[PDB]
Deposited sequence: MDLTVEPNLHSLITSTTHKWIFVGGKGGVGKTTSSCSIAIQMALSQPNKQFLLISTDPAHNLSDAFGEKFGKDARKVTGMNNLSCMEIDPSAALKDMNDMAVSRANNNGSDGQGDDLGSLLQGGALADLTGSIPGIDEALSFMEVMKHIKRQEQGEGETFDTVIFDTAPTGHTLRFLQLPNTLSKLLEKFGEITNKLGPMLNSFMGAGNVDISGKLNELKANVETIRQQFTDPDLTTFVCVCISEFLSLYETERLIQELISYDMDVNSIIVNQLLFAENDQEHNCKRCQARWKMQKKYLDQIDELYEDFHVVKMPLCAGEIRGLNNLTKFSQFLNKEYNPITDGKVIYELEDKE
């Protein structure tokens, strides 16, 4: 099973791609990267990257301002981002809205409504979700089942049909898949294993794991690599049947289309220290 996401990046069937895992592991960095690789690789198709983390970071990552209305990434012809602000969205729908935009769960509700509107309206060929950390993303992926059972007039029936339709698409391995991102450390590895078990139980396809921030080894770096390697061995045993993609810690943060594009190549053809080592240092 190839150690890269080339199969996903060139997929001709996938409509919904979730990128998830523990906090700070690189979900935003990776979902920007997957979205860039897909857009470059399939010029004919139109891609949306939507952040369902209420503390959005797509604008921070690209260095340009996104919002509830999809906008093209400057420099791309076929990649767009969206960051929904619930109180802004509600304030528009209402035309108390504002109080509602502050209720726990409103973020997931509006993100789901965005999915339904792409169902109803059928714009973008593929949607990539840069998700909130693990715990709240599981709640989001359960929404189709949840709404189904709760609902269980013509507009209520309309809501019902649409959620059943999402439930069916989300559980179709050709249409929907979840890419896990993790770091090779105890707290991340165990959280990721719990997440994968839960996803399998939801009948959601999960076939890929990005292991990010690897040192591939300064005494501090030598000790930290020794640790990463121990958990990396475990990841190899556990996830033998998965695409496991090993990504390096770079010499600086990864921001802007240029640097994100440069990092994203290694999701497509896997990082090789022999041939690619200099690249880590171009991010300073």
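Note: segments 1-4, 100-125, 153-158, 189-212, 278-284, 352-354 of the deposited sequence have no C-alpha coordinates in the structure.
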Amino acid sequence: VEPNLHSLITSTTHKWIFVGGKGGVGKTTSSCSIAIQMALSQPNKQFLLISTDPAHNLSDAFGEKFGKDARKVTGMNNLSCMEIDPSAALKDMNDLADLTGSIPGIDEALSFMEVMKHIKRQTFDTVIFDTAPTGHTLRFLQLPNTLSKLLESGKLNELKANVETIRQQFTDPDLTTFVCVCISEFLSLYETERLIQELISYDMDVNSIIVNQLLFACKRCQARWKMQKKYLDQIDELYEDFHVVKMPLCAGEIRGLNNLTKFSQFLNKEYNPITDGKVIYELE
From here on, numbers count along this sequence of modelled residues.
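Here, rigid core means the biggest group of C-alpha atoms that superpose within 1.5 Å across both forms.
In terms of root mean square C-alpha deviation after superposing on the rigid core in 6 other deposited structures of this protein, the stretch standing farther out between 109-117 and 69-77 is 109-117.
Of 126-134 and 204-212, the stretch whose C-alpha atoms sit farther from the shown form in 6 other deposited structures of this protein, after fitting on the rigid core, is 126-134. Compared with other deposited structures of the same protein, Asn145 does not meet the criterion of being unmodelled in at least one third, since all of those that resolve residues on both sides include it.
In the record comparison, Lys91 is unmodelled in at least a third of the other entries of this protein that model the residues flanking it. Comparing 99-107 with 190-198, the higher mean C-alpha B-factor in the PDB entry belongs to 99-107.
Mean CA B-factor, 267-275 versus 20-28: the higher value falls on 267-275. You'll see in the entry that, of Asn212, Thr177, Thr123, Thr134, the Cα B factor peaks at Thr123. Across the residues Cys221, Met247, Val244, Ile254, the deposited record lists the maximum Cα B factor for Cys221. Ranked by Cα temperature factor within the chain, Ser59 sits in the lowest third according to the deposited record.
The deposited CA B-factor of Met116 belongs to the middle third of values across its chain.
Sort the chain's modelled residues by C-alpha temperature factor and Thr12 lands in the highest third, per the entry. In this PDB entry, the Cα temperature factor of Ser148 sits in the top third of its chain's modelled residues, the highest group. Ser33: CA B factor in the lowest third of modelled residues in this chain (values from the PDB entry).
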